[PDB]
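Residue numbers (the entry's author numbering), protein chains in the order written: chain D, 2 to 549; chain A, 2 to 549; chain E, 2 to 443; chain B, 58 to 167; chain F, 2 to 247. Backbone N, C-alpha and C fix where the C-beta goes; we use that ideal spot for every residue, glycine too.
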Amino acid sequence: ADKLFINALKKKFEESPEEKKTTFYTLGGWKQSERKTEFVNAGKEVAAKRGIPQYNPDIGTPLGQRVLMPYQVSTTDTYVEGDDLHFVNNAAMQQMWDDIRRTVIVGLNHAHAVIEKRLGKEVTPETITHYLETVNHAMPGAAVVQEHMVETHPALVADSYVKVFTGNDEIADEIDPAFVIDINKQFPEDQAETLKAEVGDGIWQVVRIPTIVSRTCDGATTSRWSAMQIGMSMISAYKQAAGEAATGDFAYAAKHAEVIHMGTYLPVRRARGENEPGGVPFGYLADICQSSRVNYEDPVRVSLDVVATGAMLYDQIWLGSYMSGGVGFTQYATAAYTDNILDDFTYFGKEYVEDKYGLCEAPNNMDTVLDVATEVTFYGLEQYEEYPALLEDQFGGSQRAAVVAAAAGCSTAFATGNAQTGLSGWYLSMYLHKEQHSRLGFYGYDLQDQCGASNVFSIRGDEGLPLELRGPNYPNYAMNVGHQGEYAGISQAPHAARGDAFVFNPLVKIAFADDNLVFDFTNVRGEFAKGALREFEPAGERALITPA
Amino acid sequence: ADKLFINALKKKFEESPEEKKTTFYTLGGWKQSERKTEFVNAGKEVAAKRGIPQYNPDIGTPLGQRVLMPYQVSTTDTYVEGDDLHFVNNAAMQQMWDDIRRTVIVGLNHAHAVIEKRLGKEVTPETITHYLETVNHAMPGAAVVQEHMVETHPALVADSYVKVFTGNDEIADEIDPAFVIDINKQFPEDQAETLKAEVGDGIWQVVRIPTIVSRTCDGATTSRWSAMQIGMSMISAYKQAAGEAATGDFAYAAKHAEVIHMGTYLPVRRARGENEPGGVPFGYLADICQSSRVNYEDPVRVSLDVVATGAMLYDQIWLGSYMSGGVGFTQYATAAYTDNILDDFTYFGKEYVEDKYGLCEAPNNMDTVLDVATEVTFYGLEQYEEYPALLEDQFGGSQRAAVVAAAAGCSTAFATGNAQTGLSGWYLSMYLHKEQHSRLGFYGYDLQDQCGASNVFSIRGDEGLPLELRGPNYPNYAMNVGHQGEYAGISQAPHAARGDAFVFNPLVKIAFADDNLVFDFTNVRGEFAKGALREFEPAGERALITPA
Amino acid sequence: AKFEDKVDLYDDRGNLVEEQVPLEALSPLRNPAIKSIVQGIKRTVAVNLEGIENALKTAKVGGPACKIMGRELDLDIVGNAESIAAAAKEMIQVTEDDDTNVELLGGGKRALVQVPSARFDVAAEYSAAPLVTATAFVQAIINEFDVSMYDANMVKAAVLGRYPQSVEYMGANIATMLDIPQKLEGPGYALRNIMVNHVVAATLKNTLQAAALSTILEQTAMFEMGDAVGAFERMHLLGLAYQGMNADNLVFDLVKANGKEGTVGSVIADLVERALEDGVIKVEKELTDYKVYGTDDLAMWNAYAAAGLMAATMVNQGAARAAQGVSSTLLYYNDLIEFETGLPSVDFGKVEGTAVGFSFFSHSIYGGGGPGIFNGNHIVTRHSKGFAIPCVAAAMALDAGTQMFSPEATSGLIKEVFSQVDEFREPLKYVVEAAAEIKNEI
Amino acid sequence: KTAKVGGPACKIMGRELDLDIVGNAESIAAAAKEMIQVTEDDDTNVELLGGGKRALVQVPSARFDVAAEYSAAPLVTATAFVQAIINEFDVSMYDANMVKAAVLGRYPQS
Amino acid sequence: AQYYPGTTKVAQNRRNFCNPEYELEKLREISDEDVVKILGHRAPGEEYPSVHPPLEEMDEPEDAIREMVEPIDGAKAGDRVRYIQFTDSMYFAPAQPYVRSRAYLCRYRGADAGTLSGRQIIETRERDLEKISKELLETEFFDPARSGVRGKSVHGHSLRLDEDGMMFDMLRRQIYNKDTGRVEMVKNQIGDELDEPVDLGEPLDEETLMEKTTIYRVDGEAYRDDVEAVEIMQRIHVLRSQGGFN
Ligand code: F43
Ligand SMILES: C[C@@H](OP(=O)(O)O)[C@H](NC(=O)CCCCCCCCS)C(=O)O
Ligand SMILES: O=S(=O)(O)CCS
Ligand SMILES: O=S(=O)(O)CCS
Ligand SMILES: [Mg+2]
Ligand SMILES: [Mg+2]
Ligand SMILES: [Mg+2]
Ligand SMILES: [Mg+2]
Ligand SMILES: [Mg+2]
Ligand SMILES: [Mg+2]
Ligand SMILES: [Zn+2]
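In structure tokens form, the structure reads like this:
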């Protein structure tokens with residue numbers, strides 16, 4: 002069958018994809034582009050209304066001396082200009098980050114122990130359901146005890162709620178099912194058994210605060226807002242004095258002792274509180290993506306939906322705005338989720354490993370790293386040499402280095418079943434690519450890459466960590482595009498090949514298996530296309546409270 | 002004449018405000034309220050749409066066994082139910098915070114020196130205007146050098162731009178007025194004179210990044226976004242190599258050596274980056290509010306507009322959401338900006354001081370604190386004793402403690418011309434009030450109040466600071482409602498009585514003197530009313546990129 | 002001794018001082034001059050008395066562009082410096098005969114303060130130095146002028162700035178070479194958060210002394226971080242010796258041989274020749290017209306390559322008298338040596354990776370700045386475990402005036418005070434002497 | 058042995074390592090003590106408790122008189138135990154990072 | 002020195018660019034004035050601006066390293082540090098980005114070289130940069146169709162060639178003259194029009210580009226078939242991996 006990127010290269014350019022020569026300078030610059038033309042007209046209107054010049058296509062250099070390309074969102078049939086994949090212009094991308102930032106997992110294990118042992122009251126599925134009805138009134142910002150409370154408008158905070166889950170099926174089935182993430186409904190049988198074994202009799206809340214509050218405030222608001230309304234609802238549903246000494250044990254339990262943030266806080270040079278992108282470890286990002294429970298027959302699809310999730314959040318929103326800003330990093334990320342390119346390269350490496358070793362049957366050692374990552378790196382690089390249209394599409398070296406190395410590192414981990422040798426294959430890929438083409442990425446691209454081989458298996462203080470525990474604050478990874486979302490894919494790859502239900506935290510995996518989320522985490526690239534087409538409906542808007 | 006709060010009391014209740022008794026329990030609970038009825042209906046529609054119960058008036062205790070009151074926004078004739086003053090339901094309050102969070106001040110004085118010395122190139126009014134046209138295209142997220150960049154939609158980012166100011170009239174007058182905050186136009190003569198002398202020949206940018214980006218990300222994004230696009234526009238407008246060693250001096254100057262953040266980063270327990278509310282010192286909040294340049298003939302109006310700005314930002318959004326959440330703290334703040342109550346008490350104290358001493362002519366010492374803060378504290382308390390409707394309106398002890406002590410502390414500073422004796426007056430008011438009525442505020446309200454007297458004049462490491470430099474991270478002030486916005490009013494009070502153009506930072510004062518902001522900082526209480534009425538139009542919405 | 006290695010030690014003119022010193026006599030855990038340097042840097046503060054007086058007289062306190070109209074206080078602090086410094090010293094010392102030092106400079110405009118070592122032996126960390134200094138000077142200025150309770154808070158703001166509303170001493174008129182403990186990128190990093198321009202200012206731009214102070218601070222942090230414990234200890238000690246202490250005169254002789262006409266590439270060729278001559282490396286395998294080198298001592302190969310990398314920076318940035326290209330030297334010295342030999346570069350690729358991101362963040366829009374504003378705690382340059390930053394210090398020692406953010410711009414208050422201290426200014430001298438003194442106790 | 062490393066509820070399936078650390082506590086503690094000490098017979102203390110389940114460790118004071126602060130206690134202890142466990146069982150290059158995770162957790166990502 | 006392993010033409014060409022004993026082939030003659038105009042930092046007849054005073058005016062303290070290291074001539078004068086930047090087509094340009102920075106730090110003194118996929122730069126003192134720039138522009142480091150002198154707007158390394166065989170340039174600084182078979186430089190490296198264009202000679206033909214290139218490709222010599230160069234890259238990977246562990 003044709004390479005998977007051929008259809009996209011035929012849509013982008015008039016020439017055959019193997020053709021070495023073309024025509025430039027004859028497309029009318031920005032006038033060739035529907036989107037640039039919309040932008041020139043809107044810049045005219047904005048500058049006239051506000052009295053200060055703004056977008057002007059004649060400032061600086063003239064875009065579109067070459068073809069301004071459409072991009073196929075991989076796994077879809079949707080082709081859009083890249084501006085429609087900028088996170089500012091894509092409501093699905095903004096909502097995917099708001100749905101992670103506004104979530105927290107909060108145990109009820111210590112809380113139920115405080116009720117039984119300190120208050121001397123019984124907990125049963127019925128008392129849990131009455132508490133859940135209470136907290137689903139209170140969590141969006143409504144009152145349960147005081148007189149003369151003023152409250153949030155229920156339709157502005159309709160995305161906020163609390164659900165629960167537990168590994169004990171018979172307790173799960175006794176709580177009212179409007180509040181329950183049903184593990185047996187959302188997961189295939191074998192994964193459901195794994196996840197229920199991990200949770201056991203534990204009972205956990207998934208709390209989502211309003212997107213309008215997350216956007217007004219920050220990620221570190223989420224566990225506080227959750228705990229305030231858990232606390233009010235424990236007062237009201239279990240009949241406490243409204244503020245007695247035991248009230249503080251529910252606060253310490255919900256804010257510290259049984260809270261699971263999505264992200265940990267960051268050091269001062271990049272100061273941020275919890276639930277910001279830099280604190281989300283790669284293994285959690287793989288677990289938040291829900292492709293594992295739907296596409297489990299196809300480890301490549303699961304791994305590359307995690308790469309899309311990560312490349313957008315970590316390169317476009319985190320590195321391209323929280324840590325920089327401006328026009329930002331759209332195409333450093335799109336290279337990993339468009340045109341079916343990374344898909345073509347990773348399917349080749351999965352087939353290569355199937356033939357030679359069998360999935361997860363290779364020895365977990367350097368001989369496998371040298372064999373698989375070198376083979377896959379040369380396959381990917383040969384594609385850019387065989388197809389000039391492919392090289393002009395992924396025109397930046399960093400984009401090619403991330404795509405080739407992701408295929409090589411995911412294929413190495415499909416062979417060994419272990420993410421650490423996948424990670425060594427990613428670094429070898431970069432060294433081979435740099436010598437093959439006498440170039441790699443942007444000025445600073447291979448800071449982590451040259452530290453990389455030596456730090457894969459180090460055990461020292463701020464060097465040694467299994468890849469699943471690493472994240473955007475692992476020291477060597479804290480600055481640069483074209484790595485973090487691909488590492489989240491490498492972290493998913495051996496667990497998708499093994500058929501494991503989760504990569505690093507089973508509670509995070511369950512917490513996003515929920516169709517009451519605004520973004521559909523089971524189909525991340527489908528949602529990115531929907532937002533690019535201006536068809537996604539985000540939460541958090543202010544239309545109800547502003548002029549018609 | 003009537004006390005200033007009489008009209009509002011007469012609107013709230015059928016009884017004359019002096020009447021001692023009323024009737025309760027016959028209003029039909031929540032059914033007495035237009036807004037609560039809106040919320041009940043919305044809750045039912047939300048719960049049905051999403052399949053999870055949400056707002057339900059029959060959960061918990063039944064609101065409205067007494068009158069649910071309207072509130073007059075002070076200085077306006079607008080009356081609204083307090084839910085319309087909750088920051089979630091009020092797009093003017095959300096935009097006020099976004100306009101502060103997305104602003105940074107960035108010098109051009111190091112940058113112009115790097116251009117003359119390292120590059121050997123000239124800077125003039127001409128080259129600055131060309132740079133400003135360039136940065137007003139780039140700042141909202143549009144490209145100036147590379148081919149095949151994808152950009153933000155100009156109409157989604159129409160609130161982002163860069164203006165300049167300088168004390169040098171002959172540079173200021175020569176740049177396109179579109180880019181200049183004109184000190185001589187914006188400020189009366191003696192304040193313009195002071196501000197131009199502080200700035201001198203320095204030239205400073207006021208950079209506003211897009212509200213949609215600030216909402217998606219956080220405050221620590223602002224100075225990074227600003228520096229990326231200053232860096233691009235220096236490369237394009239001055240013809241540098243697009244990335245040579247000198248480029249790094251523009252980055253270090255824009256990000257560190259000549260940046261003024263609105264807020265500094267916070268310690269780990271309350272981890273947050275820059276430009277979050279807790280980092281904004283009280284002197285800067287008073288200088289952000291623009292009442293000082295409009296209402297300078299009336300020091301009470303200037304000081305109380307700063308109290309309204311800080312009570313809303315620091316109690317409702319900061320302490321009531323970032324640091325807690327839920328229903329939160331609307332009415333702990335509305336006490337300070339509704340029903341003309343703080344206005345009545347503060348006008349009384351200003352009159353007392355003007356007649357006895359003359360503004361700013363009392364000795365700056367404890368005798369003046371004891372005289373003025375006690376006199377004004379007893380006036381305010383007597384109004385709650387003489388008007389039962391006033392006591393039922395400001396029903397919570399903390400609200401009354403903050404209002405009576407803000408009037409005592411502001412009046413003390415109107416006498417002395419010094420904020421620190423105003424602050425000692427604030428703590429003395431609390432101790433008198435606590436003895437008079439045998440209560441003060443909520444369980445934890447006077448942590449800072451009891452450390453207060455001793456820490457007003459201390460010099461020790463984490464205790465001693467002039468009030469203008471304190472803020473929400475000053476240790477004693479880091480947790481509790483009903484103080485921070487009032488301390489911003491006390492910081493403003495002696496400078497308004499002196500006629501000073503600014504409280505703590507002249508650059509901050511000039512940076513908000515700009516009618517291209519979305520929120521009107523000259524009339525903060527007017528704007529809160531407009532948002533309560535659903536008449537304010539915020540930036541940042543995604544309607545242009547979502548379906549009809 | 003745990004290790005059998007010995008090194009010959011030299012002065013900064015290339016003359017032998019001491020032959021056959023056991024390697025551990027240079028260990029931060031054993032050498033008493035490294036202990037004195039480290040305790041010195043913890044306990045020394047520079048006080049800008051002129052700056053405090055000016056902030057008070059203008060009411061400009063609390064950070065850039067801040068001012069409180071009406072709060073001005075006009076106090077003759079510099080004219081009464083001797084009295085104020087003596088009164089501060091009586092509060093700073095523990096007893097009358099301890100190691101507290103308070104010394105006026107610049108006609109009373111500056112003071113050098115060294116808080117008594119003993120306050121640190123009962124402290125968790127090092128913040129007693131600025132906090133004890135600051136309060137002793139705030140109390141001594143209040144007592145000198147009888148400043149009132151109503152005004153004294155302005156003297157505290159002029160000395161320590163906007164702290165504690167800000168986490169840092171924002172606006173302070175004292176300075177230290179360390180920075181606050183909250184700014185560490187990890188536990189154990191405090192001796193790394195020392196600006197390269199402060200090292201170059203303290204050592205008066207003497208290249209070999211700047212490289213030795215930077216290496217002593219970076220490799221002493223490696224011990225505190227645990228990086229130099231067990232398997233890695235000897236690698237770190239040989240790096241200290243050969244890259245920062247000019248062991249065997251290796252760095253000095255490479256610079257002598259390549260100073261007149263040399264490039265990074267010529268320094269590499271001489272170093273590989275020297276390593277082969279000493280038995281550190283040998284040919285393992287012949288490919289086609291290409292020798293593959295091997296070593297039976299990776300820690301010693303790494304140290305020799307480290308000495309070459311310092312020499313290459315001194316040749317390359319010494320020839321330009323412009324520090325910017327140290328980022329390129331750190332990159333390509335390592336990249337070229339691996340393809341020249343088939344052996345790993347310095348710190349097994351970590352110097353080369355640090356130099357890739359350092360080059361980018363010193364020639365781009367996104368952050369960083371000129372070489373002198375980096376440090377071992379900076380996110381861009383923390384990655385190599387001590388083998389990169391001392392080269393940046395040598396390069397900024399050699400810059401003849403190409404930087405806007407030069408040591409004169411960023412470190413003038415530190416230069417005036419800290420260059421007064423002999424062991425900060427000439428550390429190579431004191432650490433060699435101490436090593437010779439304890440050489441028979443290892 | 059469970060691969061439960063990196064924080065509450067965290068686990069990496071497939072990374073389990075079944076090592077008899079408590080059964081070999083004496084040899085591991087002595088090998089860690091040799092790395093933690095500065096000289097033989099200095100003030101380093103490594104003492105087993107609870108039949109080998111726990112160890113008391115006092116890092117030598119001298120390491121602190123050449124340190125800015127006090128993090129050398131957990132960091133020198135953690136690395137000496139990680140290396141002693143790896144050396145006791147000859148744990149491979151491929152698996153040793155799990156010993157690091159089990160000792161010191163999700164640092165430096167956290 | 003050995004410089005680089007391998008047995009291909011590409012490997013030998015990588016070694017010859019690094020080796021200061023190998024005489025770079027001179028393909029074209031360019032005047033001093035024209036090098037100055039292509040750089041764009043000063044006008045012909047303008048004195049070298051300074052960033053600091055001449056070293057002899059500085060009287061610095063005794064430093065054994067400074068005494069042993071001879072400053073380049075522009076460092077003695079106090080010249081600004083300026084740059085020249087090149088983009089090299091992946092369609093077989095002779096020099097390529099890492100080959101440049103490796104060779105510049107073997108051949109040239111006092112050099113800050115940077116490598117990126119789409120551009121490669123050297124920064125040094127102005128009068129010395131003009132002497133190095135002549136060699137970079139006159140020799141086989143440069144082909145006027147497959148390499149470009151570009152201080153900004155560098156896109157083109159990875160694009161398809163036009164119908165003349167010229168690399169893309171958003172700013173069209175190098176124009177192929179069908180009438181001569183020769184390329185002219187019509188703008189300086191930042192894109193400003195030159196008063197008069199500079200002759201850059203004829204593009205190298207296909208055969209000579211293949212003789213001189215330093216990129217590996219499937220349609221030239223593939224890196225995977227230079228098995229000795231791949232062996233040394235894999236060796237380095239394995240030895241850094243083992244070193245970092247123990
Ligand atoms: C001024 C710099 C130096 C710097 O610090 N950042 C720049 C520019 C900056 C700007 C360019 C926006 C503008 O045009 O106004 C932005 C968008 C960041 C921002 N401020 O929003 C960006 N780069 Ni850059 N930058 C990119 C890239 C690149 C590639 C482009 C090579 C090519 O042949 O086209 C090279 C590095 C390399 O050679 O490897 C590059 C260089 C450079 N990058 C050179 C300018 C190059 C030139 O003069 O043309 N970027 C990429 O390789 C792809 C992704 C792309 C980013 C935009 C996106 O992700 O959509 C953009 C990311
Ligand atoms: C280095 C720090 O900046 P400074 O030196 O000002 O503290 C850090 N900035 C970054 O790390 C920027 C990272 C994303 C953009 C550049 C890397 C990829 C380019 S494609 C910071 O802002 O704290
Ligand atoms: O040119 S640089 O590598 O500095 C930046 C790439 S976006
Ligand atoms: O009742 S408490 O004072 O604890 C809280 C008041 S909102
Ligand atoms: Mg084959
Ligand atoms: Mg759905
Ligand atoms: Mg207006
Ligand atoms: Mg308006
Ligand atoms: Mg031979
Ligand atoms: Mg000639
Ligand atoms: Zn936000």
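Asked	Found
Contact set between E245(A) and chain E, taken where Cβ atoms lie within less than 8 Å	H364
Spatially closest choice to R241(F) from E91(E), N102(E) and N335(E), by CA coordinates	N335(E)
Classification of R294(A) by the beta-carbon crowding that lies within 10 angstroms, buried from 16 upward	buried
Enclosing beta strand (DSSP E) for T104(D) [first to last residue]	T104 to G108
CB contact flag (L441(D), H434(D), <8 Å)	yes
Three-state secondary structure (DSSP) of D400(E)	coil
Rounded separation between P98(F) and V22(E) - CA only	45 Å
Candidates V214(D), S430(D), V328(D) and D372(D), of which the one nearest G329(A) by Cα	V214(D)
Below-8 Å beta-carbon distance, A390(D) vs any chain E residue	no
Inter-residue Cα distance where the pair is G279(A) and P155(D)	28 Å
Opposing strand residues paired with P50(F) [DSSP bridges]	None; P50(F) has no bridge partner.
Option in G80(B), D100(B) and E97(B) with minimal Cα separation from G107(B)	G80(B)
Within chain D, the residues that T136(B) reaches when beta carbons sit closer than 7 Å	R461 and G462
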